[PDB]
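These values consider heavy atoms only, across backbone and side chains, with no hydrogens, waters or symmetry-generated copies. Chain letters run A, B, ... following the sequence lines, proteins first, then strands; residues in each count from 1.
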Amino acid sequence: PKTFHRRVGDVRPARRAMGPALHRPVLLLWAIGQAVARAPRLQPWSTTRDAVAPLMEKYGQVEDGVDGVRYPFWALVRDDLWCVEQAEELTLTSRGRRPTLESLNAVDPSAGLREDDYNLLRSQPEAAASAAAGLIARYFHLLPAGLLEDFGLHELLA
DNA sequence: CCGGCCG
DNA sequence: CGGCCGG
């Protein structure tokens with residue numbers, strides 16, 4: 001079974017002219033910061049949307065952060081990095097690619113890291129640091145002022 | 001294909 | 001929304 005480090009490194013978003021899609025990298029970094037702060041592992045869509053949307057806009061180059069967050073909130077399930085509760089309650093669109101924003105808002109499913117991954121992050125902070133550093137090196141190589149603080153990773157990345 | 005893009 | 005683009 002693949003390590004969390006390996007699963008995170010297998011996330012390879014499409015590279016456009018402007019750069020790779022930063023959606024998955026931003027949600028993963030946020031989720032690592034959440035585990036490190038011992039926030040609950042599963043968090044509602046509404047809470048996650050509200051936390052992550054402005055980071056998506058500021059650090060992820062997205063125009064609409066809400067519209068932005070919904071893509072990795074679902075797509076990370078396929079990358080074996082994420083769990084969405086009540087998934088079978090959602091309405092899918094676009095040939096099964098994704099849930100509608102309307103059904104995400106209505107059902108307000110909880111989601112987050114897999115239990116084994118979340119438990120690893122809390123128990124082995126060195127493993128959290130290396131996973132978050134890996135994402136930062138690959139996608140935020142010019143490291144924006146504010147990024148570590150805004151993702152909750154300042155103390156972690158000592 | 002399948003995850004972001006864009007009529 | 002949901003079909004489209006293209007890495």
Side-chain angles (χ1 to χ4, degrees), chain A residues 1-35 39-118 120-121 128 130-144 146-148 150-153:
Chain A
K2 286 194 185 224
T3 57
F4 179 70
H5 186 87
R6 185 161 285 278
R7 284 178 282 106
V8 167
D10 290 347
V11 175
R12 297 297 189 356
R15 315 282 320 281
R16 310 224 325 145
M18 31 303 284
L22 296 163
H23 302 63
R24 280 178 282 163
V26 164
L27 188 57
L28 289 162
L29 281 172
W30 176 80
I32 292 161
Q34 295 296 107
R41 175 172 73 86
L42 300 176
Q43 296 204 74
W45 160 250
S46 62
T47 306
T48 298
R49 169 199 73 195
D50 294 346
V52 180
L55 311 170
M56 217 44 94
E57 294 155 354
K58 181 169 184 171
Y59 299 102
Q61 320 189 321
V62 320
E63 299 291 359
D64 175 342
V66 170
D67 184 59
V69 203
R70 66 199 183 96
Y71 288 116
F73 187 85
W74 188 249
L76 266 342
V77 174
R78 246 207 179 77
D79 293 307
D80 301 326
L81 285 163
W82 199 249
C83 303
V84 175
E85 296 196 316
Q86 308 187 83
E88 267 57 69
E89 302 314 316
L90 299 170
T91 301
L92 302 182
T93 185
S94 181
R95 312 189 65 88
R97 280 179 178 82
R98 71 193 85 107
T100 57
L101 183 59
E102 169 197 283
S103 75
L104 281 174
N105 281 340
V107 170
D108 201 8
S110 284
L113 295 169
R114 286 145 98 270
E115 187 186 333
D116 57 357
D117 302 327
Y118 177 88
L120 168 67
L121 279 24
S130 76
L135 286 166
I136 285 162
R138 188 176 292 176
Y139 300 109
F140 296 104
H141 186 218
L142 280 319
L143 178 58
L147 188 141
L148 270 32
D150 281 355
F151 283 80
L153 300 175

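The phosphate of C:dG2 (OP1 or OP2) has a side-chain N or O of A:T93 nearer than 4.0 angstrom. In terms of phosphate contacts, A:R97 brings no side-chain nitrogen or oxygen within less than 4.0 Å of OP1 or OP2 of C:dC5. OP1 or OP2 of B:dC6 lies within a sub-4.0 Å distance of a side-chain N or O belonging to A:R16.
Going from atom CZ of A:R98 over to atom P of C:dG2 covers 10 Å, rounded to whole Å. Between A:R70 atom CZ and B:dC5 atom P the separation is 10 Å, expressed in whole Å. To the nearest angstrom, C1' of B:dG4 lies 15 Å from CG of A:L27. Put simply, CG on A:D67 is 15 Å from P on B:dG3, counting in whole angstrom units. In this structure, the CG atom of A:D64 is 14 Å from the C1' atom of B:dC6, given to the nearest Å. Look at CD on A:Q61: it is 10 Å from P on B:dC5, rounded to the nearest Å. The distance between atom CH2 of A:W74 and atom P of C:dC1, rounded to the nearest whole Å, is 14 Å. B:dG4 atom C1' lies 12 Å from atom CE of A:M18, rounded to whole Å.
Within a 6.0 Å radius of CD in A:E102, other residues, nucleotides and ligands contribute 12 heavy atoms or fewer.
At a threshold of 4.0 angstrom between heavy atoms, the contacts of A:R24 are confined to the sugar-phosphate backbone, with no base atom among them.
Counting heavy atoms from C-beta outward, A:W82 and A:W74 have side chains that stay 4.5 Å or more apart. Between A:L101 and A:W45, some side-chain heavy-atom pair lies under the 4.5 Å cut-off. Side-chain contact between A:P13 and A:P25: present, with at least one pair of heavy atoms (C-beta onward) separated by less than 4.5 Å.
In the set B:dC2, C:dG7, C:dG3, B:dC2 carries the atom at the smallest distance from any side-chain atom of A:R78. Taking every side-chain heavy atom of A:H23 into account, B:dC5 is the closest of B:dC5, B:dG3, C:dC1.
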Taking it one step at a time, do A:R6 and A:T3 satisfy side chain to side chain donor-acceptor pair (under 3.5 Å)?
CA-CA 5 Å; A:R6 185 161 285 278; A:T3 57; 5.0 Å; no

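Side-chain to base pairing of A:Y71 with B:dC5: one donor and one acceptor N or O lie within less than 3.5 Å of each other. In terms of polar N and O atoms assigned as donor or acceptor, the side chain of A:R95 never comes within less than 3.5 Å of the base of B:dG3 in a complementary pairing.
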